[PDB]
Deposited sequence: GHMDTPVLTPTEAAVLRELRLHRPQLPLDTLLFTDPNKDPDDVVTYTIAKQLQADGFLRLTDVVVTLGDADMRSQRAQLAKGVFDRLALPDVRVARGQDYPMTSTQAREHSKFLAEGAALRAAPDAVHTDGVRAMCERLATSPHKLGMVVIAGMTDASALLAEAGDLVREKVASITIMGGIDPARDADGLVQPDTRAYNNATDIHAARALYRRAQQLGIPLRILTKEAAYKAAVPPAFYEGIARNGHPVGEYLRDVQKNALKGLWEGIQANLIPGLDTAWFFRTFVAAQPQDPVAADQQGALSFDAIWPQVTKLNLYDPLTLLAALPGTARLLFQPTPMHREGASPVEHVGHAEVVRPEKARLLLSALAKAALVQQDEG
C-alpha cells in the first residue's frame, strides 16, 4: 500500500509507459552502501510496470572473490524481489592500490545472509551481454552505477554491436573540467578504475552513443528522510529490512566515529550540516537528508521517468556525440522525485 500522494505519483508515471519495456544492462557494486540495492528494488517495480526489463547485471568492486560475494548478494536480492531471471555475473579484475584494497573490500554485515549460493552467479563477466546485443531486435540501455571496468570491456569486446544496439549509457559519475568529455578523477565511480572510466567516456563518444552523466549534486537536491527506509521495512520484507538496517548502521558508525574524533577532517558540525554527546538513537530521529545516487541514475536512464523529473543540460560541442549533464539545477522536480522513489520502492516490496 501507498499513501494517497504516493499512489497518485505512480498513476501519473504509468501514463507514460513505453510500448515495449527497455531491456537494460546494469553495472553495479552492491553492499558497500544502500544505493545499489535501492536501485534493484525500484527496478523491480519499473519492470513490473513495463518500463524496463533487467536482463543482465555485471558486478564489480574488490578482488575476484569479493566481486563474487557482491554478485551472490545481488542475485539473492533479485530472488527475494521475484525477479528470478536476472542473470548476474562477476566482473573482471582491475588494478587496485593498497589504499584502494581497503575501501574496495567493504562488504556490510547485513548483506551476508542475503547471498544466493556461489553457483547461482556466472563468472564470465560481459559474455552474456555480448550475446544479447547480438540477438536483440531492439536497442538496449546501459546503466552504470559503479566502476566501469566491465562496461568499458563490453564496449571494447562488442564495439561492432554496441554502435547499433545500445540506445544510451547513463552513468552515476562526473565530468572533468577539461575536455571529448572525460571523467572527473574525484568522482567515486570513475575513481574505482579511472583508466576504464576514461576508455568508456571516450569510446561511447567515438561510437556516437549518447551519454547521460548524473552527478552527486543531483542527489543532494532529492535526498530522502529516514522515513523512506522505515517505510520500506515496515512490513518485514527482507530486502526492505536489509536496506533500513544498512543505512541506519552505516550512519550510526559514522556518527560514533565522529563523536570519538576518529575520522580525520569530520566533526559534529559537518554531520548536522550534512544530514540534518548524544547516542545514535537520539540522532536517527533528527536526520532528514539521505542521498540516493544510484536510484536517481536509473530514473534518469528511462525516458518516462526522466521526463517527469529532469531537464538534462547538453555538454557536448554542437554537432558532436551527445553528452548530457544532470546536476542540481537539472533536477527540476525534487519533491516529486522523492515521492516517486518512495512509491516505487514500496510497490516493489508487496
Give the ranges of the deposited sequence, numbered from 1, for which the structure holds no C-alpha coordinates, in sequence order. 1 to 6, 186 to 189, 287 to 300, 375 to 379
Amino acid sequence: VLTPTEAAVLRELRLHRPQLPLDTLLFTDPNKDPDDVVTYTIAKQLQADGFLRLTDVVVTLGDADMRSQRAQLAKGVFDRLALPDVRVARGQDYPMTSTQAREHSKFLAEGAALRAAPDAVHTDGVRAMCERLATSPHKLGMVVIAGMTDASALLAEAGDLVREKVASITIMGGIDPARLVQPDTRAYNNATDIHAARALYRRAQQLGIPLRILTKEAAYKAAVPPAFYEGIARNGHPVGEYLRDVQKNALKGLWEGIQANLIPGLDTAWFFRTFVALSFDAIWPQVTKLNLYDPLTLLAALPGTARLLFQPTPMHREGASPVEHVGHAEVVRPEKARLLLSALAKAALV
From here on, numbers count along this sequence of modelled residues.
Between 46 to 54 and 308 to 316 (mean CA B-factor, as deposited), the higher: 308 to 316
Mean temperature factor over C-alpha atoms, higher-scoring stretch between 117 to 125 and 69 to 77: 117 to 125
Top Cα B-factor in this entry, restricted to 105, 215, 261, 170, sits on 261
Maximum C-alpha temperature factor per the entry, among 219, 278, 143, 154, belongs to which one? 278
Quick one: classify residue 189 as lowest, middle or highest third of the chain based on its Cα B-factor. lowest
Please place residue 201 in the lowest, middle or highest third of its chain according to the CA B-factor in the PDB entry. middle
Considering every modelled residue of the chain and its Cα B-factor in the PDB entry, is residue 132 in the lowest, middle or highest third? highest
For the chain shown, is the CA B-factor of residue 300 in the lowest, middle or highest third of its modelled residues? lowest
Please say which third, lowest, middle or highest, residue 233 falls into when its CA temperature factor is compared across its chain. middle
